[PDB]
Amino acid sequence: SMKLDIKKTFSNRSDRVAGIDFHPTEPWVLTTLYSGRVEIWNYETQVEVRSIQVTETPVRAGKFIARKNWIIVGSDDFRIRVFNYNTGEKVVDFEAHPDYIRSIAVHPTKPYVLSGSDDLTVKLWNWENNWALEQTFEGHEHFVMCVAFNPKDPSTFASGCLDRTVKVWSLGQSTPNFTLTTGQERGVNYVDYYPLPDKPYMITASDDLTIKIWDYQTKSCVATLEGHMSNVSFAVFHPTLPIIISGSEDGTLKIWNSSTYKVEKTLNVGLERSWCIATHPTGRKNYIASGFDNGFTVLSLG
């Protein structure tokens, strides 16, 4: 067991941060900004590794593809771009959807990337097939806000949608395995998987102020977490600690106990609205990072 002991590792002021991600083996965080800029920071030495003026439009989605030394970003010009973060070379640059890109997910073992879009679809791209579009998942009836592979079975993934559903799909299958009606009448902003095999759980966040935990075997709602006072931008399970982290346009991060679902901490990090979240994939120092209107902060949770 490990006690909560929150330490501010690194904080950096900037334009609004829309996407944020951890590098799995370097002490780096990637941020994608509403200004069209993206930055990689070493949060342990507090040194900027690289910055790129990618576009003039907001860059909403960004992920490391560490095993190719890439970052992949999606922006409101409808385009996916890939950059080598060691050289700055632009690897590819294509219009992926005819509308905004909301979310990007990277398959852990196969050369697949998912993009969720306001065009009501999720699309699957294969970078070992010249970034071919291998599948478009159709069936949602509003903007697809968030996509996430099941870490315990990456042949499936979940899409959260403003049509108030989460759909779980299988690669190569045109119809979803199942559709969760969330009861979150304002729609689903975010979806995330519980990482460990002891619970088949998922978590959703909504503008209706609720965070809901779902059992994807029983398709039932396990718990509803209330406490935020404005739109909940995200909610995720921590990969190694028994906690949930959420962030809201009310300016706060909340840390919840993942067994009792009681709020343990409410943090005003002082950067106004909270928009995005990342956790270190292997729990290194239990790092988390969140992007806000006015920058991002990296915290060690214990």
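From 1 onward, residues are counted along the sequence shown.
Item to check | Mean Cα B-factor comparison, 220-228 or 125-133, giving the higher one as deposited | outcome: So the stretch with the higher mean C-alpha B-factor is 220-228.
Checklist entry - Given the B-factors recorded for C-alpha atoms, which segment has the greater mean, 177-185 or 142-150? => result The stretch with the larger mean CA B-factor is 177-185.
Item to check | 192, 99, 95, 89, ranked by C-alpha B-factor: the highest one | outcome: Going by the entry's C-alpha B-factors, 89 comes out highest.
Checklist entry - Per the coordinate record, which of the options 12, 25, 286, 290 holds the highest CA temperature factor? => result That would be 25.
Checklist entry - Compared with the other modelled residues in the chain, in which third is the CA B-factor of residue 70? => result Residue 70: CA B-factor falls in the lowest third of its chain.
Next on the checklist: Based on the deposited C-alpha B factors for this chain, I'd like to know if residue 206 is in the lowest, middle or highest third.
Outcome noted: It belongs to the lowest third of the chain when residues are ordered by C-alpha B-factor.
Next on the checklist: Where does the C-alpha B-factor of residue 276 rank in its chain, lowest, middle or highest third?
Outcome noted: Lowest third of the chain for residue 276's C-alpha B-factor.
Checklist entry - Going by the entry, which third of its chain does the Cα temperature factor of residue 170 land in? => result It belongs to the middle third of the chain when residues are ordered by C-alpha B-factor.
Next on the checklist: Could you place residue 36 in the lowest, middle or highest third of its chain by Cα temperature factor, using the values in the record?
Outcome noted: As the PDB entry reports it, the C-alpha B-factor of residue 36 lands in the middle third of its chain.
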